[PDB]
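Contents: one structure, followed by commentary.
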Amino acid sequence: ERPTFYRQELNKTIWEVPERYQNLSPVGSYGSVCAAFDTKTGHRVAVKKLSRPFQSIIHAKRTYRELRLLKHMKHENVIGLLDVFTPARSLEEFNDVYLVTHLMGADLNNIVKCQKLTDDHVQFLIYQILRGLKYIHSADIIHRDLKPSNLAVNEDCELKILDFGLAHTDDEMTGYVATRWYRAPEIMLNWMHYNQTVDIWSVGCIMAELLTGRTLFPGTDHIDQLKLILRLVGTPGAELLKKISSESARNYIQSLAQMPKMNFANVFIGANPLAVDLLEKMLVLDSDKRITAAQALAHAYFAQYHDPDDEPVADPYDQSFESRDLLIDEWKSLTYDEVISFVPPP
Ligand SMILES: COC(=O)Nc1cccc(NC(=O)OC)c1
Ligand SMILES: [Cl-]
Ligand SMILES: [Cl-]
Ligand SMILES: [Cl-]
Ligand SMILES: [Cl-]
Ligand SMILES: [Cl-]
Ligand SMILES: [Mg+2]
């Protein structure tokens, strides 16, 4: 049952992998990644060797979290898990984890900056993001880090969501950085407990950029970005102010001069009127009032692509481990069980 493994040192790293994976070639370095040819399936694949997966309780729980999430995702518009392996023959010598996925080429950046997009292209790309999100949200999963570099696109305009937020540092979110330009205001400034509606804000930011070729809210810091957002969508009323839990944050908002919501047809000049209408329903300051992924799929902007018999939901996903307190070796044993129970797709 156990395959034969072979060892090799590539760029100061030891890689021990099953014989099926050939012609390993480093491509990036969290973990290190190699491209390879999988002789069992015929696919070009990415093989990621996790870096120090069990060095702390926090790191061991993050390793388990990532493996549980990747094993669950089975949808055309979401990255899935092709294989997971360890060279260890027992729990006692278990130390290294390797994850195998389809090798992705271009991301949405490699097209948004370098192609001329028709409205039909925007329809199809945003449709696929929303189709994947309906699936993800049905399992009570929040992606949290949707942005163009986390969307893989091929030559036929087919799209997959990847790089789920596994819980970014303070430094990474500081200044003039794309890591923050797509984040909902309530999570950027920790206004309140957030939920899956944060992902819909991100989709609105992405759709605007596909239509205009420009970043929607390219703030130089958190406060500059908030000012760009409030100039477009308006300052909050008392109803949303009630829902912001920090007194200082409420005090800060009330120090700003009030502004009305702008006319989106005069911002997205020349855009399909149905695209303008959908943007107005995603880019709503109060997260309770944003359109959901399931509701957006039925919007008339997608009439050409919507098929309610081919927009599936996910199997239920048990996240009870997140509130559980365990020792490093217990998280490590749970991870080992998940490695050895993996069953590959058809
Ligand atoms: C700051 O200028 C704007 O207000 N709007 C803008 C800028 C650049 C491109 C587009 N394009 C667009 O809307 O295509 C549908 C719109
Ligand atoms: Cl996949
Ligand atoms: Cl090992
Ligand atoms: Cl990006
Ligand atoms: Cl005022
Ligand atoms: Cl589950
Ligand atoms: Mg990424």
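Letters for chains follow the order of the structure tokens (A, B, ...), residue numbers begin at 1 for each chain, and ligand numbers begin at 1 in the order shown.
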Please identify every residue of segment 179-241 of chain A that has at least one atom no farther than 12 Å from an atom of segment 118-121 of chain A, counting only C-alpha atoms, and for each give the shortest atom pair and the distance in Å to one decimal, arranged by chain then increasing number, as CSV.
residue,atom,partner,partner_atom,distance
A:207,CA,A:119,CA,10.8
A:208,CA,A:119,CA,11.8
A:210,CA,A:121,CA,9.1
A:211,CA,A:119,CA,7.7
A:212,CA,A:119,CA,11.0
A:213,CA,A:118,CA,11.7
ask   = Got a sec to tell me which of segment 172-246 of chain A DSSP assigns to alpha helix (DSSP H), as a VMD selection string?
value = chain A and resid 178 to 181 185 to 188 197 to 212 222 to 233 238 to 241
request  = Show me which residues sit within 12 Å of ligand 7 when counting only C-alpha atoms and all ligand atoms, and put them as a ChimeraX atom specification.
outcome  = /A:28,30,104,107-109,143-152,161-166,168,178-179
query = A:299, A:137, A:183, A:324: which is nearest residue 283 of chain A, counting only C-alpha atoms?
reply = A:183
Surrounding residues of residue 55 of chain A excluding itself and chain neighbours under 4 positions, 12 Å, only C-alpha atoms, as an mmCIF file with N, CA, C and O atoms, in the first residue's frame:
data_model
loop_
_atom_site.group_PDB
_atom_site.id
_atom_site.type_symbol
_atom_site.label_atom_id
_atom_site.label_comp_id
_atom_site.auth_asym_id
_atom_site.auth_seq_id
_atom_site.Cartn_x
_atom_site.Cartn_y
_atom_site.Cartn_z
ATOM 1 N N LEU A 50 5.599 21.718 3.890
ATOM 2 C CA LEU A 50 5.332 22.680 4.953
ATOM 3 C C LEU A 50 6.593 22.939 5.765
ATOM 4 O O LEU A 50 7.382 22.027 6.028
ATOM 5 N N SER A 51 6.780 24.196 6.159
ATOM 6 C CA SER A 51 7.918 24.603 6.972
ATOM 7 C C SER A 51 7.537 24.572 8.448
ATOM 8 O O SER A 51 6.595 25.256 8.862
ATOM 9 N N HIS A 59 1.190 26.910 15.516
ATOM 10 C CA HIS A 59 1.558 26.406 14.195
ATOM 11 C C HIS A 59 0.961 25.028 13.939
ATOM 12 O O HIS A 59 0.535 24.734 12.815
ATOM 13 N N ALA A 60 0.931 24.166 14.965
ATOM 14 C CA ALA A 60 0.362 22.832 14.800
ATOM 15 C C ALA A 60 -1.133 22.906 14.512
ATOM 16 O O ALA A 60 -1.650 22.156 13.672
ATOM 17 N N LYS A 61 -1.844 23.809 15.196
ATOM 18 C CA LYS A 61 -3.272 23.960 14.934
ATOM 19 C C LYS A 61 -3.517 24.537 13.541
ATOM 20 O O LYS A 61 -4.484 24.162 12.866
ATOM 21 N N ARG A 62 -2.640 25.443 13.086
ATOM 22 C CA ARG A 62 -2.775 25.992 11.739
ATOM 23 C C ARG A 62 -2.555 24.916 10.675
ATOM 24 O O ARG A 62 -3.233 24.910 9.638
ATOM 25 N N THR A 63 -1.603 24.010 10.907
ATOM 26 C CA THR A 63 -1.383 22.906 9.974
ATOM 27 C C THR A 63 -2.627 22.026 9.858
ATOM 28 O O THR A 63 -3.080 21.706 8.750
ATOM 29 N N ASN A 95 7.149 13.945 11.071
ATOM 30 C CA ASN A 95 7.668 15.308 11.147
ATOM 31 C C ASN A 95 7.303 16.191 9.959
ATOM 32 O O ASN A 95 7.119 17.395 10.158
ATOM 33 N N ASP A 96 7.185 15.658 8.743
ATOM 34 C CA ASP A 96 7.018 16.458 7.540
ATOM 35 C C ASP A 96 5.687 16.152 6.868
ATOM 36 O O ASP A 96 5.262 14.995 6.814
ATOM 37 N N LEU A 327 -2.744 20.052 23.219
ATOM 38 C CA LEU A 327 -1.285 20.108 23.222
ATOM 39 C C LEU A 327 -0.719 19.847 21.823
ATOM 40 O O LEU A 327 -1.376 19.258 20.961
ATOM 41 N N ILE A 328 0.535 20.278 21.614
ATOM 42 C CA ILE A 328 1.174 20.132 20.302
ATOM 43 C C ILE A 328 1.036 18.705 19.789
ATOM 44 O O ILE A 328 0.586 18.468 18.661
ATOM 45 N N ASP A 329 1.396 17.727 20.621
ATOM 46 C CA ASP A 329 1.382 16.345 20.168
ATOM 47 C C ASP A 329 -0.024 15.841 19.858
ATOM 48 O O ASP A 329 -0.168 14.908 19.058
ATOM 49 N N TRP A 331 -2.523 17.890 18.521
ATOM 50 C CA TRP A 331 -2.763 18.446 17.186
ATOM 51 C C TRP A 331 -1.991 17.661 16.129
ATOM 52 O O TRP A 331 -2.506 17.385 15.036
ATOM 53 N N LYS A 332 -0.756 17.269 16.453
ATOM 54 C CA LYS A 332 0.060 16.496 15.522
ATOM 55 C C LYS A 332 -0.555 15.128 15.239
ATOM 56 O O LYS A 332 -0.553 14.660 14.093
#
task = Write out as an MDAnalysis selection string the residues lying within 12 Å of residue 287 of chain A, counting only C-alpha atoms and excluding same-chain residues fewer than 4 positions away.
result = chainID A and resid 184:187 191:202 236 239:240 243:244 281:283 291:292
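Minimum distance to residue 67 of chain A across A:346, A:226, A:334, A:258 (counting only C-alpha atoms) occurs at A:334.
Nearest residue to residue 177 of chain A among A:220, A:140, A:209, A:343 is A:220, counting only C-alpha atoms.
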Would you write out, as a Markdown table, a table of all residues in chain A that have an atom no more than 12 Å from an atom of ligand 2, listing for each the closest atom pair and the distance in Å to one decimal, considering only C-alpha atoms and all ligand atoms and ordering rows by chain and rising residue number?
| residue | atom | partner | partner_atom_place_in_ligand_line | distance |
| --- | --- | --- | --- | --- |
| A:43 | CA | ligand 2 | 1 (Cl) | 11.0 |
| A:44 | CA | ligand 2 | 1 (Cl) | 11.8 |
| A:45 | CA | ligand 2 | 1 (Cl) | 10.2 |
| A:46 | CA | ligand 2 | 1 (Cl) | 11.1 |
| A:70 | CA | ligand 2 | 1 (Cl) | 9.9 |
| A:71 | CA | ligand 2 | 1 (Cl) | 11.1 |
| A:72 | CA | ligand 2 | 1 (Cl) | 11.7 |
| A:73 | CA | ligand 2 | 1 (Cl) | 8.7 |
| A:74 | CA | ligand 2 | 1 (Cl) | 7.8 |
| A:75 | CA | ligand 2 | 1 (Cl) | 7.6 |
| A:76 | CA | ligand 2 | 1 (Cl) | 6.9 |
| A:77 | CA | ligand 2 | 1 (Cl) | 7.8 |
| A:78 | CA | ligand 2 | 1 (Cl) | 6.2 |
| A:79 | CA | ligand 2 | 1 (Cl) | 4.1 |
| A:80 | CA | ligand 2 | 1 (Cl) | 4.0 |
| A:81 | CA | ligand 2 | 1 (Cl) | 6.6 |
| A:82 | CA | ligand 2 | 1 (Cl) | 7.4 |
| A:83 | CA | ligand 2 | 1 (Cl) | 11.0 |
| A:100 | CA | ligand 2 | 1 (Cl) | 10.1 |
| A:101 | CA | ligand 2 | 1 (Cl) | 6.6 |
| A:102 | CA | ligand 2 | 1 (Cl) | 5.8 |
| A:103 | CA | ligand 2 | 1 (Cl) | 9.0 |
| A:104 | CA | ligand 2 | 1 (Cl) | 9.3 |
| A:132 | CA | ligand 2 | 1 (Cl) | 11.8 |
| A:152 | CA | ligand 2 | 1 (Cl) | 10.3 |
| A:158 | CA | ligand 2 | 1 (Cl) | 11.7 |
| A:159 | CA | ligand 2 | 1 (Cl) | 10.2 |
| A:160 | CA | ligand 2 | 1 (Cl) | 7.5 |
| A:161 | CA | ligand 2 | 1 (Cl) | 9.2 |
| A:162 | CA | ligand 2 | 1 (Cl) | 9.1 |
| A:344 | CA | ligand 2 | 1 (Cl) | 11.9 |
| A:345 | CA | ligand 2 | 1 (Cl) | 10.1 |
Next, the residues of the selection above should be written as a compact mmCIF listing (two decimals), in the first residue's frame with N, CA, C and O atoms.
# COMPACT_ATOMS: atom_id res chain seq x y z
N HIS A 43 -1.13 15.11 -14.69
CA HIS A 43 -1.19 16.56 -14.47
C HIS A 43 0.16 17.11 -14.05
O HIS A 43 0.97 16.42 -13.41
N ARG A 44 0.41 18.37 -14.43
CA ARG A 44 1.46 19.16 -13.79
C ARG A 44 0.93 19.64 -12.45
O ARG A 44 -0.21 20.11 -12.36
N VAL A 45 1.73 19.50 -11.39
CA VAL A 45 1.26 19.74 -10.04
C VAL A 45 2.21 20.66 -9.28
O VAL A 45 3.40 20.78 -9.61
N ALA A 46 1.69 21.28 -8.23
CA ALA A 46 2.49 21.98 -7.23
C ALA A 46 2.60 21.12 -5.98
O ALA A 46 1.57 20.67 -5.44
N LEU A 70 -8.56 21.98 3.04
CA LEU A 70 -8.26 21.51 1.69
C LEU A 70 -8.92 20.16 1.39
O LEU A 70 -9.36 19.92 0.26
N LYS A 71 -8.99 19.26 2.39
CA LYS A 71 -9.66 17.98 2.15
C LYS A 71 -11.16 18.14 1.90
O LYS A 71 -11.77 17.26 1.27
N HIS A 72 -11.77 19.22 2.39
CA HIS A 72 -13.22 19.36 2.24
C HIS A 72 -13.63 19.92 0.87
O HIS A 72 -14.72 19.60 0.39
N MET A 73 -12.79 20.75 0.24
CA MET A 73 -13.25 21.56 -0.89
C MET A 73 -13.28 20.75 -2.18
O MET A 73 -12.23 20.41 -2.74
N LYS A 74 -14.50 20.48 -2.69
CA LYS A 74 -14.75 19.69 -3.91
C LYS A 74 -15.74 20.44 -4.81
O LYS A 74 -16.94 20.16 -4.81
N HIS A 75 -15.21 21.38 -5.62
CA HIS A 75 -16.01 22.27 -6.46
C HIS A 75 -15.15 22.79 -7.62
O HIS A 75 -13.96 23.06 -7.45
N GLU A 76 -15.79 22.96 -8.80
CA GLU A 76 -15.08 23.34 -10.03
C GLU A 76 -14.37 24.68 -9.92
O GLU A 76 -13.37 24.91 -10.62
N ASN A 77 -14.87 25.59 -9.09
CA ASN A 77 -14.33 26.94 -8.98
C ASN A 77 -13.52 27.16 -7.69
O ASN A 77 -13.27 28.32 -7.32
N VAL A 78 -13.09 26.09 -7.02
CA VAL A 78 -12.30 26.16 -5.79
C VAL A 78 -11.13 25.19 -5.89
O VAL A 78 -11.28 24.06 -6.38
N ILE A 79 -9.95 25.62 -5.42
CA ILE A 79 -8.80 24.72 -5.37
C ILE A 79 -9.13 23.51 -4.51
O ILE A 79 -9.71 23.63 -3.43
N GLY A 80 -8.76 22.32 -5.00
CA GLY A 80 -8.94 21.09 -4.27
C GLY A 80 -7.61 20.39 -4.01
O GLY A 80 -6.57 20.80 -4.53
N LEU A 81 -7.66 19.33 -3.20
CA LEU A 81 -6.45 18.60 -2.79
C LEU A 81 -6.28 17.35 -3.65
O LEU A 81 -7.14 16.46 -3.64
N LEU A 82 -5.17 17.28 -4.40
CA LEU A 82 -4.92 16.09 -5.22
C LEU A 82 -4.28 14.96 -4.41
O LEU A 82 -4.57 13.78 -4.66
N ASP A 83 -3.42 15.29 -3.45
CA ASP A 83 -2.72 14.29 -2.63
C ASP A 83 -2.15 14.97 -1.39
O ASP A 83 -1.95 16.19 -1.37
N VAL A 100 -0.27 18.43 -2.31
CA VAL A 100 -0.21 18.42 -3.77
C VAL A 100 -1.50 18.99 -4.35
O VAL A 100 -2.59 18.50 -4.04
N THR A 101 -1.37 20.01 -5.21
CA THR A 101 -2.50 20.62 -5.92
C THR A 101 -2.15 20.78 -7.40
O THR A 101 -0.99 20.66 -7.80
N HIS A 102 -3.18 21.08 -8.21
CA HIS A 102 -2.95 21.44 -9.61
C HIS A 102 -2.04 22.65 -9.70
O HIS A 102 -2.20 23.62 -8.96
N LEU A 103 -1.09 22.61 -10.64
CA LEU A 103 -0.20 23.74 -10.86
C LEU A 103 -0.95 24.84 -11.59
O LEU A 103 -1.50 24.62 -12.67
N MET A 104 -0.99 26.02 -10.99
CA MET A 104 -1.74 27.14 -11.55
C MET A 104 -0.80 28.06 -12.32
O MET A 104 0.35 28.27 -11.92
N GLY A 132 -18.35 29.75 -6.80
CA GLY A 132 -17.50 29.17 -5.76
C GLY A 132 -17.85 29.65 -4.36
O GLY A 132 -17.79 28.88 -3.39
N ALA A 152 -6.97 32.07 -9.76
CA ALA A 152 -6.29 31.49 -10.91
C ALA A 152 -7.21 31.48 -12.12
O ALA A 152 -8.39 31.15 -12.01
N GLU A 158 -11.48 30.27 -17.45
CA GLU A 158 -11.99 29.49 -16.33
C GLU A 158 -11.21 29.83 -15.06
O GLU A 158 -9.98 29.97 -15.11
N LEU A 159 -11.92 29.94 -13.93
CA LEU A 159 -11.38 30.54 -12.71
C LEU A 159 -11.50 29.58 -11.52
O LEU A 159 -12.50 28.86 -11.38
N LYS A 160 -10.48 29.60 -10.65
CA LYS A 160 -10.52 28.90 -9.37
C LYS A 160 -10.10 29.82 -8.23
O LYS A 160 -9.14 30.59 -8.37
N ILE A 161 -10.79 29.71 -7.09
CA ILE A 161 -10.43 30.44 -5.87
C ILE A 161 -9.37 29.66 -5.10
O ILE A 161 -9.52 28.46 -4.88
N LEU A 162 -8.32 30.34 -4.63
CA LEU A 162 -7.31 29.65 -3.82
C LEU A 162 -6.85 30.50 -2.63
O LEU A 162 -7.35 31.60 -2.40
N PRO A 344 -7.99 9.82 -2.65
CA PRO A 344 -7.84 10.74 -3.79
C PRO A 344 -9.14 10.88 -4.57
O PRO A 344 -10.02 10.01 -4.50
N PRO A 345 -9.29 11.95 -5.34
CA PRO A 345 -10.45 12.07 -6.22
C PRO A 345 -10.35 11.08 -7.36
O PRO A 345 -9.25 10.61 -7.70
inquiry  = Show me which residues line ligand 5, defined as having an atom within 9 Å of a ligand atom where only C-alpha atoms and all ligand atoms count, and present them as a list in words.
reply    = residues 254, 255, 256, 257, 258 and 259 of chain A
Serialized selection, N, CA and C atoms, as a compact mmCIF listing (two decimals), in the first residue's frame:
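Wrote it out as selection-v7.txt, contents follow:
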# COMPACT_ATOMS: atom_id res chain seq x y z
N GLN A 254 -17.81 59.81 13.90
CA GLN A 254 -18.63 61.01 14.07
C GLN A 254 -17.83 62.30 13.97
N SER A 255 -16.49 62.22 13.96
CA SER A 255 -15.69 63.41 13.74
C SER A 255 -15.61 63.80 12.26
N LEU A 256 -16.02 62.91 11.35
CA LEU A 256 -15.93 63.18 9.92
C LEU A 256 -17.18 63.89 9.43
N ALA A 257 -17.01 64.85 8.53
CA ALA A 257 -18.15 65.55 7.95
C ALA A 257 -18.99 64.58 7.12
N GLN A 258 -20.30 64.73 7.20
CA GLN A 258 -21.17 63.76 6.56
C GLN A 258 -21.14 63.92 5.04
N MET A 259 -21.25 62.78 4.34
CA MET A 259 -21.16 62.71 2.87
C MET A 259 -22.25 61.79 2.33
query = Using only C-alpha atoms, which residues sit within 12 Å of residue 301 of chain A once same-chain residues fewer than 2 positions away are excluded, as number ranges by chain?
reply = A: 119-120, 122-124, 126-127, 271-279, 295-299, 303-306
Got time to write the residues from that selection, C-alpha atoms, as an mmCIF file, in the first residue's frame?
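See out.cif below for the written result:
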data_model
loop_
_atom_site.group_PDB
_atom_site.id
_atom_site.type_symbol
_atom_site.label_atom_id
_atom_site.label_comp_id
_atom_site.auth_asym_id
_atom_site.auth_seq_id
_atom_site.Cartn_x
_atom_site.Cartn_y
_atom_site.Cartn_z
ATOM 1 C CA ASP A 119 -18.434 42.975 -20.560
ATOM 2 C CA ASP A 120 -18.989 39.300 -21.424
ATOM 3 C CA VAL A 122 -16.477 40.380 -16.674
ATOM 4 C CA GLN A 123 -19.831 38.562 -16.468
ATOM 5 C CA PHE A 124 -18.197 35.125 -16.754
ATOM 6 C CA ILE A 126 -17.515 37.310 -11.570
ATOM 7 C CA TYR A 127 -20.143 34.567 -12.109
ATOM 8 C CA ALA A 271 -20.594 50.397 -17.812
ATOM 9 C CA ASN A 272 -23.500 48.002 -18.426
ATOM 10 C CA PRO A 273 -26.355 49.434 -16.291
ATOM 11 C CA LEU A 274 -26.927 45.959 -14.812
ATOM 12 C CA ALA A 275 -23.282 45.875 -13.693
ATOM 13 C CA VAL A 276 -23.738 49.261 -11.992
ATOM 14 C CA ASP A 277 -26.843 47.942 -10.221
ATOM 15 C CA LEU A 278 -25.011 44.865 -8.929
ATOM 16 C CA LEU A 279 -22.068 46.966 -7.669
ATOM 17 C CA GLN A 295 -28.879 36.103 -4.259
ATOM 18 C CA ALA A 296 -26.282 37.603 -6.651
ATOM 19 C CA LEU A 297 -26.228 34.493 -8.887
ATOM 20 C CA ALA A 298 -29.902 35.198 -9.721
ATOM 21 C CA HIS A 299 -29.201 38.852 -10.651
ATOM 22 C CA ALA A 303 -28.690 35.821 -17.194
ATOM 23 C CA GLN A 304 -26.419 34.325 -19.880
ATOM 24 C CA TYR A 305 -24.687 31.969 -17.394
ATOM 25 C CA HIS A 306 -27.041 31.332 -14.431
#
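You can rank A:269, A:153, A:35, A:114 by their closest distance to ligand 1 using only C-alpha atoms and all ligand atoms, and at the top of that list sits A:269.
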message = as a PyMOL selection string, please: every residue in segment 119-343 of chain A that a backbone DSSP assignment puts in strand (DSSP E).
response = chain A and resi 151-153+159-161
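Atom CA of residue 174 of chain A is found 21.6 Å from atom CA of residue 203 of chain A.
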If we count only C-alpha atoms, what is near residue 24 of chain A at a cut-off of 6 Å, once residues fewer than 2 positions away on the same chain are taken out, given as a PDB file with N, CA, C and O atoms, in the first residue's frame?
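Output file selection.pdb follows:
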ATOM      1  N   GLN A  22       7.730  13.368 -10.592  1.00  0.00           N
ATOM      2  CA  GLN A  22       8.984  13.401 -11.333  1.00  0.00           C
ATOM      3  C   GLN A  22       9.320  14.821 -11.773  1.00  0.00           C
ATOM      4  O   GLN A  22       8.452  15.697 -11.842  1.00  0.00           O
ATOM      5  N   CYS A  34       7.572  23.186  -5.235  1.00  0.00           N
ATOM      6  CA  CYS A  34       8.199  22.663  -6.444  1.00  0.00           C
ATOM      7  C   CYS A  34       7.109  22.342  -7.457  1.00  0.00           C
ATOM      8  O   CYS A  34       6.043  21.842  -7.086  1.00  0.00           O
ATOM      9  N   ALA A  35       7.368  22.617  -8.733  1.00  0.00           N
ATOM     10  CA  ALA A  35       6.541  22.062  -9.798  1.00  0.00           C
ATOM     11  C   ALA A  35       7.012  20.643 -10.118  1.00  0.00           C
ATOM     12  O   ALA A  35       8.197  20.322  -9.987  1.00  0.00           O
ATOM     13  N   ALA A  36       6.075  19.785 -10.528  1.00  0.00           N
ATOM     14  CA  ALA A  36       6.416  18.401 -10.844  1.00  0.00           C
ATOM     15  C   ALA A  36       5.395  17.827 -11.820  1.00  0.00           C
ATOM     16  O   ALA A  36       4.312  18.382 -12.016  1.00  0.00           O
TER      17      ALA A  36
END
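In terms of minimum interatomic distance to ligand 1, A:215 ranks closest within A:86, A:128, A:215, A:319, counting only C-alpha atoms and all ligand atoms.
Selecting all polymer residues at most 9 Å from ligand 6, using only C-alpha atoms and all ligand atoms, gives residues 68, 72, 315, 316, 317, 318 and 319 of chain A.
With atom CA of residue 268 of chain A on one side and atom 1 (C, counted along the ligand's line) of ligand 1 on the other, the separation reads 8.2 Å.
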Between segment 53-105 of chain A and segment 12-20 of chain A, at 9 Å or less, what are the per-residue closest atom pairs and their distances in Å? Count only C-alpha atoms, order by chain and rising residue number, and return it as a Markdown table.
| residue | atom | partner | partner_atom | distance |
| --- | --- | --- | --- | --- |
| A:85 | CA | A:17 | CA | 8.0 |
| A:86 | CA | A:17 | CA | 7.9 |
| A:87 | CA | A:16 | CA | 6.6 |
| A:98 | CA | A:17 | CA | 8.4 |
Could you save those same residues with N, CA and C atoms as a short mmCIF file (atom, residue, chain, number, x, y, z; two decimals), in the first residue's frame?
data_model
loop_
_atom_site.label_atom_id
_atom_site.label_comp_id
_atom_site.auth_asym_id
_atom_site.auth_seq_id
_atom_site.Cartn_x
_atom_site.Cartn_y
_atom_site.Cartn_z
N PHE A 85 0.91 13.63 1.67
CA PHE A 85 1.74 12.50 2.06
C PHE A 85 2.81 12.91 3.06
N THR A 86 3.37 11.89 3.73
CA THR A 86 4.50 12.00 4.63
C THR A 86 5.38 10.77 4.40
N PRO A 87 6.70 10.93 4.43
CA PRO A 87 7.58 9.74 4.36
C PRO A 87 7.62 8.93 5.65
N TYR A 98 3.51 17.07 3.19
CA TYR A 98 3.54 17.58 1.81
C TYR A 98 2.13 17.63 1.23
#
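Minimum atom-to-atom distance to ligand 4, evaluated using only C-alpha atoms and all ligand atoms, belongs to A:112 out of A:112, A:229, A:339, A:58.
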